[PDB]
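Let's start with one chain on its own, the form deposited in one PDB entry, as structure tokens.
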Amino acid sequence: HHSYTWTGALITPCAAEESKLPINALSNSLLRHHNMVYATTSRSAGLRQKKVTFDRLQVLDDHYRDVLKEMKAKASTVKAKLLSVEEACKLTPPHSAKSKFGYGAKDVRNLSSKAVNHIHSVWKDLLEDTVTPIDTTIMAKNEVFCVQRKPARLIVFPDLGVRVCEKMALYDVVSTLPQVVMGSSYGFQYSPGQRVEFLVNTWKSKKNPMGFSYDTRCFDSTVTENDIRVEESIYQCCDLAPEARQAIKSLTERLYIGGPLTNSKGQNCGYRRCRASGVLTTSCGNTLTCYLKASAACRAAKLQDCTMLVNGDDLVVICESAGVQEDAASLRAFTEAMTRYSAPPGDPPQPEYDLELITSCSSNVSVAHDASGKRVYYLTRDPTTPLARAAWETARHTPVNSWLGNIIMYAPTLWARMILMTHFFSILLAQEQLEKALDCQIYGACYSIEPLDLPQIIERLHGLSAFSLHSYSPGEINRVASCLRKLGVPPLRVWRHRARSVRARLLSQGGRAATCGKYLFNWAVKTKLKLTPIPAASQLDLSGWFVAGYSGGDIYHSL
């Protein structure tokens, strides 16, 4: 029951790989300690392979089956539709990996005959063949981090033609089934503010609240064939067209459960028997399985009033404390149950009695004060990785602009406002690219967004209070202070100075640009303004922005 088997062929790159942080005339103004930032490359693929390769064992008890029966009952109320070839094509990222069959994402988005015909043939084959394993490409991802070095993560994905077929058969399913099955516990249905709101209200719902985060060790590799078949059984509970059921069964047997791994050079690297990280069902599948195992585990551990929050493999549990000594014991039982279900912990889970001390999705709840001085909760996170990536994107253009996604997601934070906004608007100004649309990601889905719309976007997501938060917590303040000293990032006084400059320049520009200067940097001036709702704020269509997770699902949405 090994997660992977290898032939010995190396996981190769499909282009040039940089490890050291690229430096340009702008680097120093943001970060001086350049050696602490690095990018993971294929060179460390071998190390990752050893970590993700192990034997899985599963002992499924009655709690497991009891929870599953419940999940299926909810899933049976779901009705999902097949997406047309055109609709699926539209969801394909302009820069998605091209097909090995004479066409690329551009041809797919354009509905070229060649692309449409191959997709139809791939679909036909899925209906007629439910046994032959589908080929996948294994690659080492190039991600940026701050030292203290980790081996590159692996990404396994099927060909473009297959990815479009996954959309047709399962897009509607993975977009609507999770919230129906898990209710308020499905994390991807919330915007950052709504996530904090749910966490806060949940924590208050308890007489004596207690909570903890549970980090599974290499979750993808712990997903067994059984887990993937159980996932399919859940999808099949939905009201689906017979053609969709066949396609889902086929995709499960031939791709989701496992298959051969091929490097960029076309050499067989081995075989997979665990979760593929680059398929449409990755996020929904992990979310369902994690929720199923954790739910069953809570019962086995006898935790009282268990409220969960799941986002793929990230898990948050808030419940009624049965006492400090009892909580620590119950948690140990939880871990033991999760382990029996093939989901051992990476790091020992610890009970917390302070909401702000629980970290999940690399985030945590914190509190500040709005213009009225009222206590306001918001989502933040350790800025280390965002800043390292911001440094990289400062001297290198990338497919995904993490700084933009981070501003949108953490707009209310001290670090995003003082540093990210100031630094990058200064850059956008100097190059006059404020109106240029940029790609970023939100819950795994790719979105093309223009910087000029940030004020509106942030207002809709976080409200006007995002532009006026102050008096952050000492804990947050010092975590940011530490990070800046570690990376060698200039202090507040410097950023405030730059913000006034950036702010003044934006105000001069006028229109959309002035709005950015007025709202985004109102904290830079000594005498604040009023800051009132933005007229075009409602015009924005943020409908499918916070509905589901699509990490590795090759999903696109143009704003």
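All residue numbers refer to positions in the sequence shown, first residue = 1.
From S362 to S363, how many deposited residues does the entry skip: none, 1 to 3, 4 to 9, or 10 or more? Nothing is missing between them.
Between 249 to 257 and 208 to 216, which has the higher average C-alpha B-factor in the PDB entry? Comparing 249 to 257 with 208 to 216, the higher mean C-alpha B-factor belongs to 208 to 216.
Which is higher on average in the deposited entry, the C-alpha temperature factors of 222 to 230 or of 260 to 268? Per the PDB record, 260 to 268.
Check the PDB entry and point out which of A514, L26, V67, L57 has the largest C-alpha temperature factor. In this record, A514 carries the highest C-alpha B-factor of the candidates.
Checking the record values for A524, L520, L30, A39, which has the greatest CA B factor? The listed residue with the largest C-alpha B-factor is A524.
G488: which third of its chain by C-alpha temperature factor? Middle third by C-alpha B-factor.
Ranking every modelled residue in this chain by its Cα temperature factor as given in the entry, which third contains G161? Within its chain, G161 is a lowest-third residue by C-alpha B-factor, going by the deposited values.
Using only modelled residues of the chain, where does the Cα B factor of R275 rank: lowest third, middle third or highest third? Its C-alpha B-factor, which the entry lists for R275, ranks in the lowest third among residues of this chain.
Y171 CA temperature factor, ranked by third within the chain: CA B-factor rank for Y171: lowest third.
Sorting the chain's modelled residues by C-alpha B-factor, tell me whether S482 ends up in the lowest, middle or highest third. Middle third of the chain for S482's C-alpha B-factor.
Missing here is the form deposited with a small molecule bound; even so, the following discussion is about that form.
Contact stretch among 77 to 85, 231 to 239, 97 to 105, 485 to 493 - heavy atom within 4.5 Å of the small molecule in the deposited complex: That would be stretch 485 to 493.
Since only the chain is shown here, I'm wondering whether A115 would be in contact with the small molecule in the deposited complex (any heavy atom pair within 4.5 Å). So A115 does not count as contacting the small molecule.
Heavy atom to heavy atom, is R503 within 4.5 Å of the small molecule in the deposited complex? Because no heavy atom of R503 falls inside 4.5 Å of the small molecule in the deposited complex, the answer is no.
At the 4.5 Å heavy atom threshold, is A513 in contact with the small molecule in the deposited complex? So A513 does not count as contacting the small molecule.
Closest heavy atom of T394 to the small molecule in the deposited complex, within 4.5 Å or not? Yes, contact at 4.5 Å.
Are all three of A390, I419 and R498 close to the small molecule in the deposited complex, meaning a heavy atom of each within 4.5 Å? The answer is yes; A390, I419 and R498 each reach the small molecule.
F424, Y171, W123, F334: which sits within 4.5 Å of the small molecule in the deposited complex by any heavy atom? It is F424 that has a heavy atom within 4.5 Å of the partner.
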